[PDB]
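Some notes on the structure that comes next.
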Amino acid sequence: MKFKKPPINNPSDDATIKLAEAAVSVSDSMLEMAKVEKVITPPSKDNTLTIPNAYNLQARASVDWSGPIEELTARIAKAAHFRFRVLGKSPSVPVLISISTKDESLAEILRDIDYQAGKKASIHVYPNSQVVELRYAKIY
Amino acid sequence: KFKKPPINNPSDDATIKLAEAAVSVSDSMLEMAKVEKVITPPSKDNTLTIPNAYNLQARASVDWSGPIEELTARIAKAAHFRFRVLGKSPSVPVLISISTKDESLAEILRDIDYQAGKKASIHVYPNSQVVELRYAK
Amino acid sequence: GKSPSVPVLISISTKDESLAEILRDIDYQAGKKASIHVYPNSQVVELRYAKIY
Amino acid sequence: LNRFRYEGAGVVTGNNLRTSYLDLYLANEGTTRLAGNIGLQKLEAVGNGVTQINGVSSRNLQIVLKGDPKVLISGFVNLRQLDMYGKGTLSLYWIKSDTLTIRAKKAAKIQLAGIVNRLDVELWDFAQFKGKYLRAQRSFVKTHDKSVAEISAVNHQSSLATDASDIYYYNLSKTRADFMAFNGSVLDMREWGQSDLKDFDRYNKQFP
Amino acid sequence: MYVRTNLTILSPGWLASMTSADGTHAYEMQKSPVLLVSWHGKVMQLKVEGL
Amino acid sequence: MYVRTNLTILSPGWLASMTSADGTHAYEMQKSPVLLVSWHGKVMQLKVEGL
Amino acid sequence: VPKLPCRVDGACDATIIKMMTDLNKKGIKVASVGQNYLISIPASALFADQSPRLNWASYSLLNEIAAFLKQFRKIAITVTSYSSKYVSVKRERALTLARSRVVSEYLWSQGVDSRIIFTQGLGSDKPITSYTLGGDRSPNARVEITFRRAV
Amino acid sequence: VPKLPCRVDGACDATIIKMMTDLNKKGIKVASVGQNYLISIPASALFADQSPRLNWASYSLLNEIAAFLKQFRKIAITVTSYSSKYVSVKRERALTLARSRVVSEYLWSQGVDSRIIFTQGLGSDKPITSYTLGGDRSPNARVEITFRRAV
Amino acid sequence: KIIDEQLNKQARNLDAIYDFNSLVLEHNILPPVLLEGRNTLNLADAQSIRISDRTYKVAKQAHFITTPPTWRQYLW
Amino acid sequence: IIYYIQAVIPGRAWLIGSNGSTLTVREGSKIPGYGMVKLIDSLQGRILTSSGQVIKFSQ
Amino acid sequence: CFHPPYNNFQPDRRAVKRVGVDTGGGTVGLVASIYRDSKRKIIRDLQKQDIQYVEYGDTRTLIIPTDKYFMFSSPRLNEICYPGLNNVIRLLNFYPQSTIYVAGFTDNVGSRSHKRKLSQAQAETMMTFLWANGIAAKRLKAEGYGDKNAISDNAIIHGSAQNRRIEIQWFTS
């Protein structure tokens, strides 16, 4: 004789309600901008050709890091047992990235690192020589 | 006997909506950076390859931050290779900044070329063991 | 058309009519501000604002 | 040439025979070479015979087997149903169909490759289903004790293992669901050294 | 405010900075009771008083 | 009086008005304690206190 | 004085000592030298035989080991999976990879504030016992957790 | 602050629960899902055989369901009337149209707080069961009221 | 106190969703801030109105930045 | 135009072109627009031919 | 005696163990068993859980909350509410001839393709789960829609929580 409905949770907070109500419109705006930009400029290639995948690079990982990139790439080189190398100089303005994902390939993690780097630094791998080498933007 | 759920599960509906929004905006931003990012082909990559000669595999602890001409002549003399230059020294000298304790001198020269970029370049002949510093016009 | 900034306000009080006459009635009530057309061959009800000024 | 039933240690060789349909019922070592282009719908081998057919193309075919044959057919067949209850081997070159039912009881060595829109697999015991190079839109596989199956699912994959049952997929299905009861196993057995291997996404990241 | 450390200070905006040859960073910036750095990929707060 | 909502104002008039891309409405009128809105075809009066 | 915490929260070193000795009496290998801590578990107390299915009671031991691992300050943990020789190389390589993936996912679900989880499995390439009579009961099949305490 | 109304007048959730349970045991189907509510009444509880006339006993039930519907806050109401095949198609459609019109008129003229009420009927054109043995006693002969609770 | 506790409770999705650091241009410069307006009408007085379809305003100009901001100087 | 791969046995393969045309190819075969296939792969879905292109599956 | 992992996909045997521990009267165990396996107490236990059961005419429908029964943003089936799933199996064993339509629904935020993929994946998950319990593969049809038809508005928080759902419809003949 009782009557219920399916979704029942622990109670909420109105400030969290207002935060989510901002966040939905923010998400829609960002989706709008990204869709229009992708439409107006068509890409040509991708970083898969720059970064292939070889054996021992198929170990898995899950991460949460929010710092300068150098400790992160040194740790991933120590995982891969690869020769780690730098090129150029890190500028006085540091490069900070934030990755919080779940169970990815090392190669896809590195491609995400390059994409979030964008026009500040670039990454390359010589797999046969087993080397991960970065290069900062040699400009300014 | 007992299995627990994850601790910071989004139990609350506001948390559900918020985390979903975060996932959506993360994938959108990664998409936009991907569609705007400029890459380079690994065939047209104007970079110095490894010269893979025998003598270039010594360990050196090198600190320098200044002109490049004395540095390349000094590492050539350390390598017992001949060295010459093709081009003219400009008024403002080419400047570099390299400090390391143990690398290959060959990839050190590769880093010299990479910091040089446009105005300078380097060739190496291993048969007649020479290093050539090529200036730009 | 373009919805103008000044809203177009319609008050209706009527019981037990048909849809077509409701449509014709409110199109008459709008008058010089808008127009309604119906394409029943394509099942499309279309309205238009007034291109004025 | 309508119905051909044979027993008793025969060798028949033929090529360039044109027919709409004929029914073969072979027994007791029929060594057959058929290098023609023949449509047919039914075939029966009683047991303990080896038969290789080069070229069969029909709109339809229904086949069951009873003994221990060693058969292989070349061509394209829109098969529907296949049941194996003995100690049989089978291999087809191409299949272009939509609905496939497979029942395996005792010992089957089946080698198929082609395009099937919907595949159902039942394996009971000592089944060795090598269905690699066989792309499927929908795959539904149920394996009981000591059954090994090799699948190549593309889009929708459903897998169940009771115990001591090996199920090896070979492609990244856009939807994967797997279950094991007592001692089952769902595994990839991929290569990992390819230049263009892709990882999972948020839609198929199922943890066994 | 003048601060010597070896972490990477993020939040309140630093006016100028320099580095040693060994990873020690030197910052000078406005007055704030609070700093916000990155340690090892974890963000940390820093309480400063005594102004 | 500076009023933001997503309703439609009726009675006192206003001097200026603008609308967002989502249907939000922003208005500009003189001092008044009350407002009129046709919310969903139904007339409502809104109380504004503390003028 | 109450404005600064006197210790890292959720830490009592007596309780840490007690749970370490409890795990050693339970039969779980715990070892350390300086800052490098390693713990080793045979796979027979977790999985089915040559299988990536998990017993229900094993979640309790997973809860206990997560409660131990919440104590220290950490950065990167590495979990490796090891097995015996069964059919191929691919079979046990995939088995170790799957087992490492499962234990990594549930560990990440639990609240251990490490920045990095590395998982890898190698199958049967580096055994630690020449006596190879047993199958999955033999202690060469195992899982290892390695990390370094920091400051 | 205290002069503002604490609740919507003429409303109590306990009264809502009690009257919907009474309707449910009375035999009229009550259906609640999300914010959209459905109430369906069999036709022979309201009319005589194939006839667009109201029996005098039906007005008590009509008053009851009107007092139920006034409790919520609505914008749009929709009523549908359905029947069985008798002679024609348009004859049954016209019967449903008349029935829905009559009940819509009475519900409007009673003090319910709707804004817009649509009425239409079709008859046998959208059945709900394969049991067509009964005539106007058949359970598919029905009237449905649907609305959405607005905030 | 409770809302500062809740904002510390939900942490990583907040700086995840408010990525300033991808918004930075090539030369470490904060992009400037723009505002929109749809369907403007203002009446000045009798016999005097002014309408416009879309309006846009620059709020604050672009400049150099030594660090990307966070949400803490907006929400704490 | 392009082609696509359908099923691969070790030695022979099934191919579908852009216009829906079908082919079954040997170890050595001739395809106009692409020439002569030198070798195939059965573990991988790649075809090595005289024109230097590599065929793949649908995405 | 039992296993929490879905009783290892065996035929679940609750009543015989119940009458065994009841005899440890026999008629008391019998009346307890016929109270427990009765459909009314099954529906009431589903109402004690968070599952919505609706019968109307001959079409029978079931509604399951995805946020409760699933790990977040995932096609992973959450393992906590296995008593609810056992109740689901025991109820749906009753009509072994009706075909099954199953569908999934999500809210209104994000990429439409992403919503469609998530709903179709969850639909295939539930379909596979039912397929793993003695149901022939021709008896099912799965579909995952996006936000094509809500039951409550997604601009208010509780309705937005209500909107995503799992829908199970089945017929009679």
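Each chain in the structure tokens gets a letter, A, B and so on, in the order shown; residues start at 1 in every chain, and ligands are counted from 1 in the order they appear.
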Problem - Who sits within 8 Å of range 5-17 of chain G, only C-alpha atoms, same chain under 4 positions skipped, as a PyMOL selection string - result: chain G and resi 1+21+68+71-72
Those same residues - N, CA, C and O atoms - I'd like them written as an mmCIF file, in the first residue's frame.
```cif
data_model
loop_
_atom_site.group_PDB
_atom_site.id
_atom_site.type_symbol
_atom_site.label_atom_id
_atom_site.label_comp_id
_atom_site.auth_asym_id
_atom_site.auth_seq_id
_atom_site.Cartn_x
_atom_site.Cartn_y
_atom_site.Cartn_z
ATOM 1 N N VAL G 1 48.740 25.821 18.865
ATOM 2 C CA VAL G 1 48.972 24.377 18.892
ATOM 3 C C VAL G 1 47.826 23.525 18.272
ATOM 4 O O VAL G 1 48.129 22.637 17.480
ATOM 5 N N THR G 21 52.262 -7.348 12.149
ATOM 6 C CA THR G 21 52.456 -8.657 12.760
ATOM 7 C C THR G 21 51.257 -9.562 12.529
ATOM 8 O O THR G 21 51.421 -10.777 12.360
ATOM 9 N N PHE G 68 45.547 -1.068 5.780
ATOM 10 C CA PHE G 68 46.967 -0.884 6.059
ATOM 11 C C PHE G 68 47.569 0.179 5.159
ATOM 12 O O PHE G 68 48.331 1.032 5.626
ATOM 13 N N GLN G 71 47.819 4.216 5.599
ATOM 14 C CA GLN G 71 48.563 4.858 6.674
ATOM 15 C C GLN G 71 49.617 5.823 6.153
ATOM 16 O O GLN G 71 49.708 6.961 6.621
ATOM 17 N N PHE G 72 50.417 5.406 5.185
ATOM 18 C CA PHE G 72 51.635 6.157 4.928
ATOM 19 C C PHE G 72 51.409 7.235 3.885
ATOM 20 O O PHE G 72 50.458 7.196 3.106
#
```
Practice task
From chain F, collect each residue whose DSSP state is strand (DSSP E or B) and return the set as a PyMOL selection string.
Solution key: chain F and resi 2-5+9+16-19+25-28+34-38+43-47
Practice task
Write out as an MDAnalysis selection string each polymer residue whose atoms come within 8 Å of residue 84 in chain H, counting only C-alpha atoms; drop sequence neighbours fewer than 5 positions from it.
Solution key: chainID H and resid 92 123:124 135:136 140:141
Exercise for the section: Could you give me, as a PyMOL selection string, the residues within 10 Å of range 104-109 of chain K, counting only C-alpha atoms and dropping anything in the same chain fewer than 5 positions from it? Expected result: (chain A and resi 24-25+27-28) or (chain B and resi 17+20-21+24) or (chain K and resi 63-64+66+114-116+118-124+126+142-150+153-155+159-168)
Practice task
Based on DSSP run over this structure's backbone, return all residues of chain B in helix (DSSP H, G or I), as a PyMOL selection string.
Solution key: chain B and resi 13-36+69-79+105-116
Exercise for the section: Find the residues of chain I in contact range of chain F, meaning any atom within 9 Å when counting only C-alpha atoms, and list them as a VMD selection string. Expected result: chain I and resid 36 to 45
Expected file contents, prior selection, N, CA and C atoms, as a compact mmCIF listing (two decimals), in the first residue's frame:
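Written out: again.txt:
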```txt
# COMPACT_ATOMS: atom_id res chain seq x y z
N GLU I 36 28.22 39.71 -24.20
CA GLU I 36 27.23 39.72 -25.26
C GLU I 36 25.92 40.30 -24.76
N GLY I 37 25.05 40.63 -25.72
CA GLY I 37 23.68 41.01 -25.42
C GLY I 37 22.76 40.83 -26.61
N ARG I 38 21.64 40.14 -26.42
CA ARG I 38 20.69 39.88 -27.49
C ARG I 38 19.48 40.77 -27.35
N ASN I 39 19.09 41.41 -28.45
CA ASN I 39 17.79 42.06 -28.64
C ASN I 39 17.56 43.18 -27.63
N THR I 40 18.37 44.22 -27.78
CA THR I 40 18.31 45.35 -26.88
C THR I 40 17.28 46.36 -27.37
N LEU I 41 16.50 46.89 -26.44
CA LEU I 41 15.62 48.01 -26.70
C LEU I 41 15.66 48.93 -25.50
N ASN I 42 15.86 50.22 -25.75
CA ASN I 42 15.72 51.22 -24.70
C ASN I 42 14.93 52.39 -25.24
N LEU I 43 13.95 52.83 -24.46
CA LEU I 43 13.19 54.02 -24.77
C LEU I 43 13.83 55.20 -24.06
N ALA I 44 14.13 56.26 -24.80
CA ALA I 44 14.70 57.43 -24.15
C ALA I 44 13.60 58.28 -23.52
N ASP I 45 12.67 58.74 -24.34
CA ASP I 45 11.55 59.56 -23.90
C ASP I 45 10.46 59.42 -24.95
```
Please provide the set of residues having any atom within 9 Å of residue 75 in chain G, restricted to only C-alpha atoms, with same-chain residues fewer than 2 positions apart removed, written as an mmCIF file with C-alpha atoms, in the first residue's frame.
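Wrote part08.cif, looks like this:
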```
data_model
loop_
_atom_site.group_PDB
_atom_site.id
_atom_site.type_symbol
_atom_site.label_atom_id
_atom_site.label_comp_id
_atom_site.auth_asym_id
_atom_site.auth_seq_id
_atom_site.Cartn_x
_atom_site.Cartn_y
_atom_site.Cartn_z
ATOM 1 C CA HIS E 40 54.639 16.234 -6.021
ATOM 2 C CA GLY E 41 51.529 16.678 -8.065
ATOM 3 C CA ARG G 73 52.381 9.135 2.764
ATOM 4 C CA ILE G 77 52.887 2.259 -6.134
ATOM 5 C CA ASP G 113 46.018 8.865 -1.843
ATOM 6 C CA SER G 114 48.861 7.809 -4.117
ATOM 7 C CA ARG G 115 49.386 9.897 -7.211
ATOM 8 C CA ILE G 116 50.487 6.970 -9.400
ATOM 9 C CA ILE G 117 49.337 3.367 -9.721
ATOM 10 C CA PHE G 147 56.478 1.347 -2.989
ATOM 11 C CA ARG G 148 58.776 3.850 -1.298
ATOM 12 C CA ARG G 149 57.793 5.912 1.720
ATOM 13 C CA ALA G 150 58.562 9.612 1.296
#
```
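One distance worth recording is that between CA of residue 11 in chain B and CA of residue 25 in chain B, which is 20.8 Å.
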Exercise for the section: Figure out the distance between CA of residue 71 in chain K and CA of residue 3 in chain A, please, to one decimal in Å. Expected result: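 Computed distance, CA of residue 3 in chain A to CA of residue 71 in chain K, equals 26.0 Å.
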